[PDB]
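Structure first, commentary second.
Start at 1 with the first residue, then count along the sequence. Scope of the values below: all heavy atoms of this structure, side chains included, with no hydrogens, waters or symmetry mates. Indexing begins at 1, ligand by ligand and atom by atom, following the structure's order.
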Amino acid sequence: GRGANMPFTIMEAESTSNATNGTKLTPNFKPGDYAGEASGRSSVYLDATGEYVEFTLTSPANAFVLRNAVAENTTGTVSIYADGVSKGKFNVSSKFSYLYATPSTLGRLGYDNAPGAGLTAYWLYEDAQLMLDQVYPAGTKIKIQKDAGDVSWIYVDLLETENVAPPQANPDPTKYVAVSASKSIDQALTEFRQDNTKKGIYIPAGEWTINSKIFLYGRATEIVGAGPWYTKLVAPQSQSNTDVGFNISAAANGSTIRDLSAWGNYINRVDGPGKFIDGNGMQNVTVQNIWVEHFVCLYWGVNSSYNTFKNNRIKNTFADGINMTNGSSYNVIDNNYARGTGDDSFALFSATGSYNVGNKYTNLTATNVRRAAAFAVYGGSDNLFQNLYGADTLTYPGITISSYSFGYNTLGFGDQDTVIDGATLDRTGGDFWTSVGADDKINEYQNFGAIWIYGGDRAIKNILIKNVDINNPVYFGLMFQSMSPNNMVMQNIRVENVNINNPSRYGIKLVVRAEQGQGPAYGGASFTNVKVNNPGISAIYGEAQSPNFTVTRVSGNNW
Ligand SMILES: [Ca+2]
């Protein structure tokens with residue numbers, strides 16, 4: 001792509017291709033800011049009746065997602081036009097946006113949705129979904145316009161456009177027990193469990209309350225919807241933070257959940273509950289073509305292996321999108337799109353079995369990461385991250401590569417490579433933690449590059465980063481750092497075929513003193529065909545001050 005191959009096209013409102021009589025925001029990298037938090041770091045602000053932004057379709061579309069910001073605690077409309085003719089109203093809302101913290105308490109991002117004395121609002125954008133009764137061809141002018149009776153003001157960030165096929169029917173009513181207006185999901189599963197001729201259940205187009213965690217057991221179960229635009233599992237929207245979804249017991253290893261959406265009711269992060277799918281230790285489970293929003297996570301695996309997560313959309317969550325932890329091995333995390341996660345969008349956390357091994361995170365997109373990284377790998381061995389697109393992180397790298405234990409029982413990285421191969425990272429990095437007594441001090445925070453290679457308290461070894469384009473990172477392209485006093489020696493760290501374009505500070509930073517008590521990096525890294533283009537200050541910082549870190553310029557470096 002790079003990244004996931006999705007049927008929807010992402011179009012930025014602020015494109016110079018888009019006529020507008022509204023106000024185009026100049027970009028910045030600030031959390032809590034309507035530009036800093038926008039995709040592309042810009043949006044078009046509509047603030048008077050008749051103000052519009054005009055998109056042009058580049059593929060046919062009958063369905064649309066409008067990423068937007070409106071006033072806190074409000075709902076209303078904004079209008080959609082096709083070739084100058086009005087066609088409907090988006091239902092725009094800040095029900096799930098505006099999370100409160102302070103600049104010195106960004107660890108609270110996502111945890112508190114209530115305004116309060118001294119608190120600043122963050123996580124300002126949210127989405128409106130709308131299907132129209134016609135497929136419009138490429139070249140159609142799709143105008144978002146503020147008409148009389150629409151909201152007082154709205155920031156228009158981007159538009160998804162998609163040509164959604166008609167809903168798919170029950171594949172076979174004699175094999176898939178249908179959920180219906182008078183037969184619940186649980187009742188259909190009971191009929192399935194008790195009749196061995198059934199393969200699973202079918203959930204038709206419609207809105208279906210999920211007010212519980214739905215347990216899958218007995219045997220491998222198929223759960224099949226009509227398509228994610230059509231089958232909507234809905235947490236009770238007059239409640240908040242209800243732990244609902246599926247929980248897959250061991251007897252239902254080998255299950256498949258596909259072709260549906262799930263609309264949670266979380267308005268803040270909670271730690272433990274809130275994953276749409278629970279499945280601790282699950283094996284051979286497939287989760288495919290589902291669209292989930294407003295949960296804490298889609299899935300947080302614990303010693304979960306041989307699973308497949310494919311073609312999913314994970315948007316506007318309060319922590320990670322998908323994390324696989326504590327022994328999770330041989331998983332296929334392929335062709336998934338995440339936008340607006342509340343912690344690491346796609347993560348792998350290795351802990352003691354010894355390592356998470358053999359995982360393949362491929363063709364992944366993670367954008368508008370509202371806290372932490374687009375992609376994060378914490379230890380492990382023989383894991384592949386391939387064809388990634390990451391962009392617009394609020395607080396942290398595009399890719400975190402870290403051997404910090406976080407206090408858990410882990411050995412760090414193992415004896416086979418952790419590979420990042422093929423990645424584009426646009427406007428990644430950000431501010432987090434504090435930098436009291438730091439070298440190279442530019443503000444009150446620590447400052448994170450597009451890729452952070454962090455040796456923590458465990459082994460940091462066998463890391464291959466290749467075929468990466470880093471465009472306009474907030475601060476740096478590559479940032480290497482060793483935790484003191486552990487000073488783990490970085491070994492077999494190699495960087496190949498990397499372009500670092502317009503970093504505001506440095507192409508490469510070797511962190512010399514992150515904060516009081518910390519020192520420079522230990523070990524070294526090799527660089528082959530790594531280009532640093534137009535750095536704000538200099539191509540590399542920290543090399544002379546890092547006498548125990550060896551930069552090896554193999555060939556092809558312009559620095
Ligand atoms: Ca935008």
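Partners of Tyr475 by side chain to side chain donor-acceptor pair (under 3.5 Å), not counting sequence neighbours, listed by chain and number: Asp431, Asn443. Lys30 is linked by a side chain to side chain donor-acceptor pair (under 3.5 Å) to nothing, counting only residues two or more places apart in sequence or in another chain. The side chain to side chain donor-acceptor pair (under 3.5 Å) check on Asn335 picks up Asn311, with sequence neighbours excluded.
To the nearest 0.5 angstrom, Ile399 atom CD1 is 4.0 Å from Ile451 atom CD1.
A salt bridge between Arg67 and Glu37 is absent, with no side-chain N of the basic residue lying under 4.0 Å from a carboxylate O of the acidic one.
Taking a cut-off of 3.0 Å, the protein N, O or S atoms nearer than that to the Ca ion (ligand 1) are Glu12 OE1, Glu14 OE1, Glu14 OE2, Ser39 O, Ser42 O, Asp157 O, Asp157 OD1.
In this structure, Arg108 fails the cation-pi test against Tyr122, since its NZ or CZ atom is not both closer than 6.0 Å to the six-membered ring centre and inside 45 degrees of the ring normal.
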